[PDB]
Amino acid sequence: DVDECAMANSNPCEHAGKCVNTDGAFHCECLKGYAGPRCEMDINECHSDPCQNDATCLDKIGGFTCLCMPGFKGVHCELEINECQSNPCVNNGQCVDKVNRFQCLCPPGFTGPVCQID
């Protein structure tokens, strides 16, 4: 048998996989996110569709990241930002939290996006 893990100048496994010599061939212990007989395959962690609310899943090494639609947040984009948190309405306007925006319900006699015009 040839020791592919010892006689090699560089790792015969891909992606820093750990070479384990066997009789007639060799084995590769793959790090997280890699698969295949030589760890050559990058696992697509986005195949399970983890991102919610029409977010876009980007495949990463041993994981993923979600690009949220505007107005959403969280690991899976499962939360909605509350644009009313900053108290945008003035003149005692009531703030309604929408997706990626707020709406100020103004008391009669006031207009404007945040009820700033008497």
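Start at 1 with the first residue shown and count on from there.
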| item | value |
| --- | --- |
| Average Cα temperature factor in the PDB entry - higher stretch of 95 to 103, 12 to 20 | 12 to 20 |
| Comparing 77 to 85 with 39 to 47, the one whose average Cα B-factor in the PDB entry is higher | 39 to 47 |
| Residue 66, C-alpha B-factor rank within chain (lowest, middle or highest third) | middle |
| B-factor third for the C-alpha atom of residue 57 within its chain | middle |
